[PDB]
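Read the structure below first, then the notes.
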Amino acid sequence: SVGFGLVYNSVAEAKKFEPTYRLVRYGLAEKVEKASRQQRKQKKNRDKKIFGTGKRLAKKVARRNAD
Amino acid sequence: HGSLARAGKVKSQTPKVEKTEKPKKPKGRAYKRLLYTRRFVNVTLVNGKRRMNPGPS
Amino acid sequence: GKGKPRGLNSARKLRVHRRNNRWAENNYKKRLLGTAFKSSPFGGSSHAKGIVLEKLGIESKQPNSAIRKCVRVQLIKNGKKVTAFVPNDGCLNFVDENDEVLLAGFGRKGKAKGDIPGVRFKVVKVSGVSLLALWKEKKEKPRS
Amino acid sequence: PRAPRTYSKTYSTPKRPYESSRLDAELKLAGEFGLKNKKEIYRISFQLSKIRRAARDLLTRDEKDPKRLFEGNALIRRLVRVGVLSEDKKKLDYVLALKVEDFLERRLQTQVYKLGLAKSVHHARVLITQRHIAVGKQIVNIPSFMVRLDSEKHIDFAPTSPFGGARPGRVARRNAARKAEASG
RNA sequence: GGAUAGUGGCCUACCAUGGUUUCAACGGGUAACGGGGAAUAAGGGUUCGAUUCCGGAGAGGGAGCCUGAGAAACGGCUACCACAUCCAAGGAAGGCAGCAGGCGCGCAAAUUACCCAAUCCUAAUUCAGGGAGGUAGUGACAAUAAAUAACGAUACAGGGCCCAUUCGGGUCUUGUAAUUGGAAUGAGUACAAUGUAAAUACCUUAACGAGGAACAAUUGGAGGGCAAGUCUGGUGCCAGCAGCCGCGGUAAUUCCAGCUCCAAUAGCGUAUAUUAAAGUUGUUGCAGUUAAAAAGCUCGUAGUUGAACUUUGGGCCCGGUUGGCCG
């Protein structure tokens, strides 16, 4: 079997030059938990649908629900 | 003339028969070897025209 | 001699004459006129679906004695009534009426095949099942 | 978007489909070289016709034509390398007049059949398809391989191969246990 | 002169009557986006090219426009025209000819999967974003290699050559005639190792998978072209076959059932279009007395074509080229 096998100078340089997929496959980093792309884009759409933080929106929702 | 019927008369009235029992014959490579052995190296029937599937007589 | 012009500057004459006389070819004329798009029941298509209407017991031409049990079919895209042959045995009994048939040509680019007049198409399916698989009982006609 | 992947056909079928002479010639060639289908003979005929077309389009020009030296030399070298041309006949008229028998005589299946490790070309192709041949340091499962003349000397049992040792065999021990069970 | 970033009937005013055309203008058709290309394999050619690349164009139909360097932009607006949820009968918001998916048309095709891992682009610029892209499912439009297994024993009928005491034997398997056992293999077991994003896709495994009513191969045909049945049973102008000729008035080598088969053979049959066949479009290269075709005859313009003749041929000198004063 022949494959791309390579070495770095040190572990810190390895971490600074390798992306997280290689890091998690080599145990150099922890597998961070990410949401599905559809849901992340859905929330990217929702926070664009609403303008700003939405505190005034929550206040208005409470005012309307009080009716 | 008014014959929109009687379709498949022979299909109806011939007896339904199944093939006689026989083990599956060789297929493919073994089949072509049997063809070679019965066609080239067989001197059995080269009488006048070297028949291929001579009917019984 | 030999008719046609031979001059080095006669190319336009040769080309125009070839066009005029190429018009005399049967398939060239049909292909450029688009008779398959304006006059053909199939509209230049390889196949067409159909709804069978009734049965015809048109007899066979001489020297022969038989009927060829065709079906009258209304097309779906063209709205045209055609007479299509159903090849196999009992196929009339299988497409008695109102079934969903699939129709193709007959093998002679729009001519009657044998001793059957006025039929130029034949069926290759009935509502999803093939006529010969139906004939060999590998599959069964869907009543639903 | 993507660049298309180029494919090509390897066999051109004969125009006249059914003639006794050609049909019997190809059948006898396939049977006596231990082939299963006509795809092999059709593909090699297609290649041979391609080579003959190249040779004709080559010899249609005069000697010492610059493209002629290049292409004729490369074709001749490829032919002697594959082994169709004998070691001392580089004339290129025989390159035009090659034989499909000349091509298939070198075929690896017939090579192992001549070497006799299978006692029969049927068993020979069975071995090739079963991978009990390490052509070099790697095992080849194709009867059509156009060898490079070192595998001929290097033919042996692979380290992960039966009939050679270092392994008893799962079937061998299964039958040994079965014999033990039959005895007791 | 205006307008444009610019020239210009691009548009306005004035002036003259010009511009194209039988060398096909103008018009109609285009089941017409163009090219690089694909299919023939004598040459010449014929047909298509929506579509992996380039140049256009459009975002439902035209029209208008802001912003922006760059849009007449549509996942930007302004209206009209047909599509198009609710009403809390005030009114609001749009064009999937981007990706999956639905309905129609259907002859014409893919599941409402996953991610920026491998290619680029966008930005204030390493990092952030991308149904652009890449990775799976279905899928026989297509192309490669190549599974549906093969062994070895006479269960006697002379090939290299013999014993030379007429099949008495042949040491080999052929020159099979219905008894046939392995040392071994593949798809899939992927607990694991290669491998990407966590699984699958090539290579291995301590362990399973063949002794074949298991893992069992289809399509067209046996009259011809185009080899493959006077082999059987059934029907007997009737069911059919039959791409074309043809088959059957109780005996069908063609119809229905089987066996043998012949061809391709995980391939094959069928329908339409197209190429060669087609020297049945003929430039190469066809025919016109009787087979289709020489206009009834002549004139004649465009077109095509059109006699011969104008420096010919002798001299000298060399770089260098092919058996060739020479091995």
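Lettering follows sequence order; numbering is per chain, from 1. Note that these values count all heavy atoms, side chains included, but never hydrogens, waters or copies made by symmetry.
North puckering is assigned to the sugar ring of E:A97, since its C1'-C2'-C3'-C4' angle is above zero. Sugar conformation, E:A143: north. The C1'-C2'-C3'-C4' torsion carries a positive sign.
Comparing E:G68 with E:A82, their P atoms are spaced 37 Å from each other, to the whole Å. Taking atom P on both nucleotides, E:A222 is separated from E:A257 by 13 Å, rounded to a whole Å. With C1' as the reference atom, E:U283 and E:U304 are 15 Å apart, rounded to whole Å. Nucleotides E:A276 and E:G282 place their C1' atoms 16 Å apart, quoted to the nearest Å. The P atoms of E:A5 and E:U21 are separated by 37 Å, rounded to the nearest whole Å. Separating the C1' atom of E:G225 from that of E:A263 is a span of 16 Å, rounded to the nearest Å. Between E:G129 and E:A110, the distance separating the two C1' atoms is 29 Å to the nearest Å. Comparing the same atom, P, in E:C53 and in E:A73 gives a spacing of 25 Å after rounding to whole Å.
Counted by atom type alone, A:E18 and A:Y26 present zero donor-acceptor pairs between their side chains at under 3.5 Å. Side chain to side chain, C:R6 and C:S10 fail the donor-acceptor criterion of an N or O pair below 3.5 Å.
Taking atom NE2 on C:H17 and atom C1' on E:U22, their separation rounds to 18 Å, with Å as the unit. Distance CG (A:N45) to P (E:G75): 17 Å, rounded to an integer number of Å.
Among the nucleotides E:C261, E:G267, E:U305, the one closest to the side chain of B:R38 is E:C261. Residue C:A104 has its side chain nearest to E:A271 when only E:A197, E:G240, E:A271 are considered.
Looking at every heavy atom in both residues, D:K38 comes nearest to D:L23 through NZ-CD1, 4.4 Å.
Between E:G76 and E:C65 there is a Watson-Crick or G-U wobble pairing whose two distances both come in under 3.5 Å. Pairing check for E:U119 against E:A132: the Watson-Crick or wobble criterion is satisfied, both distances under 3.5 Å. Taken as a pair, E:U17 and E:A128 do not qualify under the rule of Watson-Crick (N1-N3 plus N6-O4 or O6-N4) or G-U wobble (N1-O2 and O6-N3), both under 3.5 Å.
Side-chain atoms of C:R18 and base atoms of E:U281 include a donor and an acceptor less than 3.5 Å apart. Judged by distance alone with a 3.5 Å cut-off, no donor-acceptor contact links the side chain of C:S46 to the base of E:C107.
Ionic pairing of D:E63 and D:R68 is present here: one or more N-O contacts between side-chain nitrogen and carboxylate oxygen are shorter than 4.0 angstrom.
For C:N21 and D:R56, each mapped to the nucleotide of RNA chain E holding its nearest heavy atom, the one lying further toward the 5' end belongs to D:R56.
Seen from the ring of B:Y36, B:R33 counts as a face-on cation partner, given the 6.0 Å and 45° thresholds.
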